[PDB]
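Asker: Let me begin by handing over the structure; questions about it come next.
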Amino acid sequence: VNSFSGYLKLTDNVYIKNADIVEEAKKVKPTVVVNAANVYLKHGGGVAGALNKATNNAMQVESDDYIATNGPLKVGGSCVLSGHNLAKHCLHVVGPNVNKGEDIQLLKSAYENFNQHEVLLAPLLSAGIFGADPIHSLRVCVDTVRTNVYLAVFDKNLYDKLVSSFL
Ligand SMILES: Cc1c[nH]c2ncc(C(=O)N(C)c3nnn[nH]3)cc12
């Protein structure tokens with residue numbers, strides 16, 4: 001039993017809700033919140049901009065130190081950093097950015113990072129300003145992640161389309 005509430009069950013291990021991941025994180029305090037990161041950990045907009053703003057920019061400060069030490073992530077890769085006031089940990093995961101021409105096949109590799117964590121609160125990777133089809137992202141999620149994933153979808157209209165079209 002865990003503290004996630006109001007989710008629709010899609011599969012054995014994947015759950016979905018129309019929610020603001022920032023507000024969902026502040027209420028649940030999950031062990032892991034997933035950020036929709038880029039390779040530079042520049043959290044300017046989309047989910048990343050929202051998560052960083054909710055940490056009063058502490059996420060960005062920590063991220064800049066990480067990059068100065070380690071260099072950029074790979075597309076499809078991840079790193080674990082602090083969850084600040086939102087979660088114990090933040091798993092920064094880089095999905096392909098279609099608006100940068102990145103290979104959408106890398107979306108599966110991105111979701112594989114979730115399997116290193118037993119339970120996660122997450123957005124749909126590569127959705128939103130990353131330019132992929134969220135229906136596709138949900139399908140890859142279900143077909144790749146084996147650990148327990150609680151997906152937050154900010155847009156109600158998209159949420160109902162995702163539920164109604166789910167196979
Ligand atoms: C910008 C932002 C703040 N909070 C958020 N929470 C979730 C998502 C999201 O992951 N998806 C799939 C989504 N919702 N509406 N359109 N896309 C995006 C945000």
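Note on naming: chains are A, B, ... as they come in the structure tokens, residues start from 1 per chain, ligands start from 1 in the order shown.
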Can you list, as a count of residues only, every protein, DNA or RNA residue that comes within 8 Å of residue 34 in chain A when you count only C-alpha atoms, leaving out same-chain residues fewer than 4 positions away?
Answerer: 8
Asker: Which residues sit within 8 Å of ligand 1, counting only C-alpha atoms and all ligand atoms, listed as a list in words?
Answerer: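 Using only C-alpha atoms and all ligand atoms, I find these residues within 8 Å of ligand 1: residues 18, 19, 20, 21, 22, 23, 45, 46, 47, 48, 49, 50, 51, 122, 123, 124, 125, 127, 128, 134, 151, 152, 153, 154, 155, 156, 158 and 159 of chain A.
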Asker: For residue 67 in chain A, which of A:138, A:80, A:41, A:129 is the closest residue, counting only C-alpha atoms?
Answerer: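 Using only C-alpha atoms, the shortest distance to residue 67 in chain A belongs to A:41.
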Asker: From the list A:7, A:103, A:110, A:40, which residue is nearest residue 71 in chain A when using only C-alpha atoms?
Answerer: A:40
Asker: Please determine, counting only C-alpha atoms, which residue among A:15, A:130, A:166, A:66 has the shortest atom-to-atom distance to residue 99 in chain A.
Answerer: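 Smallest distance to residue 99 in chain A is found for A:130.
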Asker: Residues near residue 44 in chain A, anyone? I mean within 12 Å using only C-alpha atoms, not counting same-chain ones fewer than 6 positions away, as a PyMOL selection string.
Answerer: chain A and resi 35-38+50-53+57+59-60+129
Asker: Store the residues of this selection in a file with N, CA and C atoms, as a tab-separated table (two decimals), in the first residue's frame.
Answerer:
chain	number	residue	atom	x	y	z
A	35	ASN	N	11.86	14.07	-13.42
A	35	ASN	CA	11.90	15.30	-14.19
A	35	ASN	C	12.11	14.98	-15.67
A	36	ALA	N	11.39	15.71	-16.51
A	36	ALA	CA	11.58	15.71	-17.96
A	36	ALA	C	12.73	16.65	-18.30
A	37	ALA	N	13.95	16.13	-18.13
A	37	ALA	CA	15.17	16.91	-18.24
A	37	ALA	C	15.69	16.97	-19.67
A	38	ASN	N	16.61	17.92	-19.89
A	38	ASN	CA	17.48	17.91	-21.06
A	38	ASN	C	18.91	17.59	-20.62
A	50	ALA	N	8.67	23.92	-14.24
A	50	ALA	CA	7.72	23.94	-13.13
A	50	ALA	C	8.32	23.32	-11.87
A	51	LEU	N	8.96	22.15	-12.00
A	51	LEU	CA	9.57	21.52	-10.82
A	51	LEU	C	10.63	22.42	-10.19
A	52	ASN	N	11.49	23.03	-11.01
A	52	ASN	CA	12.57	23.87	-10.52
A	52	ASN	C	12.02	25.10	-9.80
A	53	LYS	N	11.00	25.74	-10.38
A	53	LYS	CA	10.39	26.91	-9.75
A	53	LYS	C	9.86	26.55	-8.36
A	57	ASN	N	14.48	27.43	-7.23
A	57	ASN	CA	15.71	27.37	-8.03
A	57	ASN	C	16.80	26.50	-7.39
A	59	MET	N	16.87	23.28	-7.32
A	59	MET	CA	17.13	22.22	-8.30
A	59	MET	C	18.15	22.68	-9.35
A	60	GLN	N	18.00	23.90	-9.87
A	60	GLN	CA	18.93	24.41	-10.88
A	60	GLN	C	20.33	24.58	-10.32
A	129	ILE	N	6.38	19.99	-24.47
A	129	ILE	CA	7.30	20.76	-25.32
A	129	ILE	C	8.42	19.93	-25.92
Asker: Using only C-alpha atoms, which residue out of A:73, A:68, A:119, A:94 lies closest to residue 3 in chain A?
Answerer: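 The answer is A:119, which sits nearest to residue 3 in chain A.
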Asker: As a ChimeraX atom specification, please: the residues near residue 70 in chain A (cut-off 12 Å, only C-alpha atoms, same-chain neighbours under 5 positions excluded).
Answerer: /A:39-41,63-65,79
Asker: If you measure from CA of residue 24 in chain A to CA of residue 145 in chain A, what distance in Å do you get, rounded to one decimal?
Answerer: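 Interatomic distance, CA of residue 24 in chain A to CA of residue 145 in chain A: 20.4 Å.
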Asker: Could you pull out all residues of chain A with a DSSP call of strand (DSSP E) and give them as number ranges by chain?
Answerer: A: 8-9, 14-18, 32-37, 78-82, 89-94, 119-122, 148-153
Asker: Grab the CA of residue 61 in chain A to CA of residue 101 in chain A distance for me, in Å with one decimal place.
Answerer: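 CA of residue 101 in chain A lies at a distance of 28.2 Å from CA of residue 61 in chain A.
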Asker: Mind pulling up the distance from CA of residue 140 in chain A to CA of residue 72 in chain A?
Answerer: 24.5 Å
Asker: Give the answer as one residue: which of A:84, A:146, A:161, A:136 has the shortest atom-to-atom distance to residue 33 in chain A, using only C-alpha atoms?
Answerer: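 Ranked by minimum distance to residue 33 in chain A, first place goes to A:84.
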Asker: Write down as a ChimeraX atom specification the residues belonging to range 11-145 of chain A that are assigned helix (DSSP H, G or I) by DSSP computed on the backbone.
Answerer: /A:21-28,46-54,58-70,98-100,106-116,128-130,134-144
